[PDB]
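Shown next as structure tokens: one chain only, the form deposited in one PDB entry.
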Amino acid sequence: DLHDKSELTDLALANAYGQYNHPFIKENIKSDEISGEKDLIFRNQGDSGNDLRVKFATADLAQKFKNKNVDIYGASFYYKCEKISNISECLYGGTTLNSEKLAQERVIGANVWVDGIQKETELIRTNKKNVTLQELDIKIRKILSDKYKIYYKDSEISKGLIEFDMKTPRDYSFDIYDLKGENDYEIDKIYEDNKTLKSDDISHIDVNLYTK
């Protein structure tokens, strides 16, 4: 049972379009301040020179990356982002070690279908050895957002499923209209686990969208 786009508020649609089209991306930064036992602080590295609060699911996760030259790639937001003093910018997970790269860009294909009809195959990449699922998810939704206008209320697409398949019998999927809420601080909690995948172990991506 896939959720219907009609279930989202105009605010939900806007935030979704916005975060999937303008991901926060920063390479080789290091945080060494834990906050609230499960958050990492990167002072002076958010947009506008604001402070960045990277939120994780568990204190363990936060601890695993303190001191780490990490790469960041995720959905950022300001509304309801716990101030660290000044104003602050937030985001969940999307954190990987910077020292782990690939010799060449790993290219992943995404078979696409609208109402069961196959469309042009899409492509996303990453030179990260271990890329977070959030990043892959974002790169796919940006495409689904611009080619199929999934987040425009007046578009014909009303349902959709994104599925990431590994080279082993393991897959991960997202219901593009199943948002925790209408504000990013709730929507993005789906990434707090910081789920990361070995890039070369990913097989392909399946995208099924529907109308009516």
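Sequential numbering from 1, following the sequence displayed.
From this point on, the text means the form deposited with a partner chain bound, which you will not see here.
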- Would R170 show up as a contact with its partner chain in the deposited complex if we use heavy atoms at 4.5 Å? no
Exercise for the section: Classify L97 as contacting or not contacting its partner chain in the deposited complex by the rule of any non-hydrogen atom within 4.5 angstroms, answering yes or no. Expected result: no
query = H204 near its partner chain in the deposited complex, any heavy atom under 4.5 Å?
reply = yes
key: Contact label in the deposited complex: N111 to its partner chain, heavy atom within 4.5 Å   = yes
